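So you can see what is in the structure, the chains are spelled out below.
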Amino acid sequence: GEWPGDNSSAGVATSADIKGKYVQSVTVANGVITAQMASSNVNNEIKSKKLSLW
Amino acid sequence: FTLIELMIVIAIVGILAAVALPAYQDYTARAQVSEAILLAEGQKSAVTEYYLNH
């Protein structure tokens, strides 16, 4: 009945866990999940950017 | 001395076939130059793409 405070609350792959291209983090926040843009080979603009999932 | 008038017509022709052509070696150049302009244009893409990607 409660979201997981994070990946670890859920028990799942943390911020620096599951990743690859254009993904330099993947994170949960009280069930709100978020991942970050890479810091290169990107749009110089969006370089290293996120958006949550709630 | 219509001969003069003649030689006049000669004379004015005399100094008429010399230095009465500006800038055409100048002009051909532009296109001759501009020909060179025509080519590297396509390179701009991957250049952009490289900038675009990266």
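**Points about the pattern of salt bridges**
Residues and elements named next belong to chain B.
Here's step 1: Per the stated rule, a full pass over the model turns up one salt bridge over all chains.
Here's step 2: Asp-26 is paired through a salt bridge with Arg-30; the nearest N and O atoms lie 2.4 Å apart. Note that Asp-26 and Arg-30 are positioned in helix 2 (residues 24-40) at a spacing of four residues, about one turn of the helix.
Here's step 3: Since its relative accessible area comes to 41%, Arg-30 is described here as partly exposed.

**Considering the side chain of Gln-36 of chain A**
All names here are of chain A.
Here's step 1: Structurally, the position occupied by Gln-36 is in strand 2 (residues 32-36).
Here's step 2: By relative accessible area, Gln-36 is classed as buried at 19%.
Here's step 3: One polar contact links the side chain of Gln-36 to the main-chain carbonyl oxygen of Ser-48, over a distance of 3.0 Å.
Here's step 4: Apart from residues lying up to four places away in sequence, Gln-36 is in contact with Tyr-22, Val-23, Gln-24, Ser-25, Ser-48, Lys-49 and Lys-50.

**Concerning the environment of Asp-26 of chain B**
Residues and elements named next belong to chain B.
Here's step 1: Residue classification places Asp-26 among the partly exposed positions, given a relative accessible area of 38%.
Here's step 2: The spatial distance from the C-alpha of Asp-26 to the C-alpha of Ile-8 is 32 Å, given a sequence separation of 18 residues.
Here's step 3: Polar contacts involving the side chain of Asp-26 include one to the side chain of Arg-30, which spans 2.4 Å.

**Concerning the environment of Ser-48 of chain A**
Residue and element names in this part refer to chain A.
Here's step 1: With respect to the helices, strands and loops of the structure, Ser-48 is situated in the loop between strand 2 and strand 3 (50-53).
Here's step 2: For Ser-48, a relative accessible area of 23% gives the class partly exposed.
Here's step 3: Once the C-alpha coordinates of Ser-48 and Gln-24 are considered, the two residues, 24 residues apart in sequence, prove to be 7.4 Å apart.
Here's step 4: Dropping the residues within four chain positions of it, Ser-48 is found in contact with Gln-24, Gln-36, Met-37, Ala-38 and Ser-39.
Here's step 5: Side-chain polar atoms of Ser-48 contact the side chain of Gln-24, separated by 2.7 Å.

**As for the sheet that holds strand 1 (residues 25-29) of chain A**
Residues and elements named next belong to chain A.
Here's step 1: With antiparallel pairing, three strands are arranged side by side in an open sheet as 1-2-3. On the outer flanks of this sheet lie strand 1 and strand 3, each paired with one strand and no other. Neighbour to neighbour, the strand axes of the sheet diverge by 20° on average, direction disregarded.
Here's step 2: Bridge analysis of strand 1 against strand 2 gives five bridges, and the strand direction is antiparallel. Across the sheet, the residue bridging to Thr-27 is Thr-34, located in strand 2.

Definitions and cut-offs
Residues numbered from 1 in each chain as written, not as in the entry; some residues may be left out. Chains lettered and ligands numbered in written order. Part of a larger assembly, values for the part shown. Heavy atoms only, no water. Salt bridge = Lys/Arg side-chain N within 4 Å of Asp/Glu carboxyl O. Helix = DSSP H or I, 4+ residues; strand = E, 2+ residues; numbered from the N terminus. Buried < 20%, exposed > 50% of the residue type's maximum accessible area, 1.4 Å probe, protein only. Polar contact = N/O pair within 3.5 Å; in protein donor to acceptor, adjacent residues only side chain to side chain. Contact = heavy atoms within 4.5 Å. Pairing = 2+ DSSP bridges. Axes fitted to C-alpha atoms, helices over the stretch in contact; angles between N-to-C directions.

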